[PDB]
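See structure below.
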Amino acid sequence: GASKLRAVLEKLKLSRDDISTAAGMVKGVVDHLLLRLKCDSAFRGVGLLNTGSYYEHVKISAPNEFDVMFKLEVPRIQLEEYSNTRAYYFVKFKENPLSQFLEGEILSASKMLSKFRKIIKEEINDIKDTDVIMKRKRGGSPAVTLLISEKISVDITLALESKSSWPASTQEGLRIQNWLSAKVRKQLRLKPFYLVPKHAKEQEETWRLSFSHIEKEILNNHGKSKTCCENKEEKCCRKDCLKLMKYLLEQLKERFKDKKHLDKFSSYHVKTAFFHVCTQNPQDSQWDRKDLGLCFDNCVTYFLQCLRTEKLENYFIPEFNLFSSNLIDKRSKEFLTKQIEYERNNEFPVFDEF
Ligand SMILES: CCCc1cc(=O)n2nc(NCc3ccc(-c4ccccc4)cc3F)nc2[nH]1
Ligand SMILES: [Zn+2]
């Protein structure tokens, strides 16, 4: 069965790596906004999350849709946790450039994003070489969506950056000690964390934590051995299993994009289940590349068990249950259980389907 999966992976790589003018088109527009954004005192410190890497794709079944995050450092920062949600917070301070955005003691995501959209909206008309249209309609993150030419789309997200220790709700998260080491966990938790505009139970001016940089760093240094995937004897399939599970959710969502059943699920859920499995199976010997079909099945099985038991702890905030009844209702989880269980029983037709 691992042969059919490797074909799916090979076709995904082929569309990732093919020659495309799109990256320069996005980079051309993106570097314009960064220059213009910096002219404003409130956004003087804005910059790309991972500098050099604009080419981030949430959807791997659509290489035309891009996703860049603009970070903005906020020092002297102080957080208040909203409604015991463990993940949504108010931003308070201790002269700061974001003072035009306050409402009392609380930084207003509403006002900050409005100026953020305003600056971008003007700068993209000053680009008359290409027709760049700004998609509107409210939603905190992604703050804005641009359509460059036709069929090129960029989601721009603004994230606060804090160079302080992580919020107390992350104390028992990132449980990577027996997999990546306590030494690595110290190093990662020394890194900054980020805050993006988000509302629980989608209105309060709340921000949700984001550790995209931590996930990216782990994926590129991912074995218990330091030489994992550096030689022939130490080739693992951790990345392949994550790609296949992200692709499986996307394709099923496309299959039922006219329904509403999978609208509540996102890459967050499959990414979270995968990292839990890596914590369960910390040995490189449990992710051998020849065992790709068995390892992918184990990842699928864990996700189904999460669906049935309605328990998917956030990897960084263990008290946050992404599959709680309030967040996703039993009907949606039972539906996704039926589709995934069907797919596995028939060697996953959905990968071929779209
Ligand atoms: C490495 C594992 C995947 C991962 C990457 C990453 O970058 N992050 N960043 C946070 N931040 C905390 C957090 C984020 C989203 C939600 C959420 C999501 C949907 C609905 C409601 C709530 C809840 C939360 F507690 N979690 C993660 N997981
Ligand atoms: Zn590896």
Side-chain angles (χ1 to χ4, degrees), residues 49-50 56 58 67 69 71 79 81-89 140-141 157 159-160 162 166-170 172-176 179-180 185 188 191-202 206-243 245-246 249 263-279 281-292 295 303 306 312-328 332:
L49 182 61
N50 298 292
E56 295 176 350
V58 176
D67 186 277
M69 200 191 297
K71 77 168 182 180
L79 301 175
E81 171 182 346
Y82 175 68
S83 302
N84 292 315
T85 58
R86 297 281 173 279
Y88 303 84
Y89 299 79
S141 311
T157 296
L160 310 176
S162 167
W166 295 6
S169 65
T170 65
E172 308 300 306
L174 200 55
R175 255 187 264 87
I176 66 188
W179 166 30
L180 299 182
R185 193 178 173 276
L188 296 171
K191 308 219 168 226
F193 67 97
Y194 300 93
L195 294 152
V196 301
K198 276 297 175 181
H199 303 120
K201 272 184 177 177
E202 276 138 344
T206 45
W207 309 72
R208 187 173 73 193
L209 293 165
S210 177
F211 304 92
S212 276
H213 62 299
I214 301 302
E215 176 202 342
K216 176 173 181 171
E217 179 154 5
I218 291 180
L219 292 172
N220 293 310
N221 200 338
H222 60 241
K224 174 178 286 306
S225 162
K226 294 160 179 176
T227 53
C228 188
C229 298
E230 291 208 338
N231 56 81
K232 52 156 299 176
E233 167 59 37
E234 303 188 56
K235 290 298 180 183
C236 101
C237 65
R238 288 189 179 95
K239 283 182 171 175
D240 290 358
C241 285
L242 182 50
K243 282 192 190 64
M245 258 186 313
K246 290 165 72 173
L249 185 50
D263 290 342
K264 288 275 191 52
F265 303 96
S266 64
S267 50
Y268 269 117
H269 301 99
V270 293
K271 276 138 105 285
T272 294
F274 168 81
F275 275 90
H276 280 319
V277 176
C278 292
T279 299
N281 307 265
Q283 300 295 332
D284 298 352
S285 91
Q286 311 176 252
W287 296 90
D288 205 318
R289 185 168 157 173
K290 303 288 189 178
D291 302 324
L292 158 87
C295 292
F303 193 74
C306 293
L312 187 58
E313 290 187 351
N314 177 274
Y315 199 67
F316 303 88
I317 309 173
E319 293 145 295
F320 199 101
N321 181 24
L322 299 170
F323 279 174
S324 79
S325 297
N326 288 5
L327 286 166
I328 307 182
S332 303

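Numbers here are sequence positions counted from 1. In each ligand, atom 1 is the first atom listed, and ligand 1 is the first ligand listed. The basis for the numbers below is simple: all heavy atoms, side chains too, and nothing from hydrogens, waters or symmetry mates.
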>> Assess, by modelled atom type and distance only, whether the side chains of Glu56 and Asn50 contain a donor and an acceptor separated by less than 3.5 Å.
In response: yes
>> Heavy-atom distances under 4.0 Å decide this one: backbone, side chain, both or neither, for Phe193 against ligand 1?
In response: neither
>> Set out, in order, the CA-CA distance, both residues' side-chain angles and the distance that settles salt bridge (charged side-chain N to carboxylate O under 4.0 Å, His left out) for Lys235 and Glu230, then state yes or no.
In response: CA-CA 7 Å; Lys235 290 298 180 183; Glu230 291 208 338; over 6 Å; no
> What protein heavy atom is closest to atom 5 (C) of ligand 1, reported as residue, atom name and distance in Å?
Replying inline: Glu215 OE1, 3.5 Å
>> So is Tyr194 touching ligand 1 or not, going by heavy atoms under 4.0 Å?
In response: no
>> If you take the nearest heavy atom of each of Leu322, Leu209, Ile328, which one is closest to atom 11 (N) of ligand 1?
In response: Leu209
> With a cut-off of 2.8 Å, how many protein N, O or S atoms neighbour the Zn ion (ligand 2)?
Replying inline: 4
> What atoms of ligand 1 come within less than 4.0 Å of a heavy atom belonging to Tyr88?
Replying inline: 21 (C), 22 (C)
> For atom 23 (C) of ligand 1, what's the nearest protein heavy atom and its distance?
Replying inline: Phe320 CE2, 3.7 Å
> Going by distance alone, is a donor N or O of one side chain under 3.5 Å from an acceptor N or O of the other, for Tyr315 and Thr170?
Replying inline: no
>> I'd like to know if the side chain of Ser332 reaches the main chain of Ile328, judged simply by a donor and an acceptor atom lying under 3.5 Å from each other, with no hydrogens or angles considered.
In response: no
> Which word best sums up how the rings of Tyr194 and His213 line up, parallel for under 30°, tilted for 30 to 60°, or perpendicular for over 60°?
Replying inline: perpendicular
> Between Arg86 and ligand 1, which residue portion shows a heavy-atom distance shorter than 4.0 Å: side chain, backbone, both, or neither?
Replying inline: neither
>> Among all the protein's non-hydrogen atoms, which is closest to atom 22 (C) of ligand 1, and how far away is it?
In response: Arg208 NH1, 3.3 Å
> Under the side chain to side chain contact (heavy atoms under 4.5 Å, CB included) criterion, do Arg208 and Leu195 qualify, and how do the steps go?
Replying inline: CA-CA 5 Å; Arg208 187 173 73 193; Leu195 294 152; over 6 Å; no
>> If the condition is side chain to side chain donor-acceptor pair (under 3.5 Å), which residues does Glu215 pass it with, not counting sequence neighbours?
In response: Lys271
>> Please evaluate residues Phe211 and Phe316 with respect to the criterion ring-ring contact (aromatic ring centres under 6.0 Å, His included), reporting the C-alpha separation (whole Å), side-chain torsions for both, the decisive distance (0.1 Å), and the verdict.
In response: CA-CA 8 Å; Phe211 304 92; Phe316 303 88; 4.5 Å; yes
> Would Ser83 and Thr85 count as having a side-chain donor-acceptor pair, cut-off 3.5 Å?
Replying inline: no
>> Among all protein heavy atoms in this structure, tell me which lies nearest to atom 12 (C) of ligand 1, with the distance rounded to 0.1 Å.
In response: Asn314 ND2, 3.5 Å
> Under 30°, 30 to 60°, or over 60°: which ring-plane class applies to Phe323 and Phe303, parallel, tilted or perpendicular?
Replying inline: perpendicular
>> Closer than 4.0 Å to some heavy atom of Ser212 - which atoms of ligand 1 meet that?
In response: 7 (O)
> Which ligand 1 atoms does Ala87 reach within 4.0 Å, using its non-hydrogen atoms?
Replying inline: 24 (C), 25 (F)
>> To check your reading of the model: name the closest protein heavy atom to atom 2 (C) of ligand 1, its residue, and the distance in Å.
In response: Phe275 CD1, 3.7 Å
> What orientation do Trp287 and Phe274 show, parallel under 30°, tilted 30 to 60°, or perpendicular over 60°?
Replying inline: perpendicular
>> Assess, by modelled atom type and distance only, whether the side chains of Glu81 and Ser169 contain a donor and an acceptor separated by less than 3.5 Å.
In response: no
> Which atoms of ligand 1 sit under 4.0 Å from any heavy atom of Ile317?
Replying inline: 12 (C), 25 (F)
> Can you check whether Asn321's main-chain N or O pairs, donor with acceptor, with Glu313's side chain at less than 3.5 Å?
Replying inline: no
> Where is the nearest protein heavy atom to atom 4 (C) of ligand 1: which residue, which atom, and how far?
Replying inline: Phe316 CE1, 3.8 Å
> Is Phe211 touching ligand 1 with its side chain, its backbone, both, or neither, if touching means heavy atoms under 4.0 Å apart?
Replying inline: both
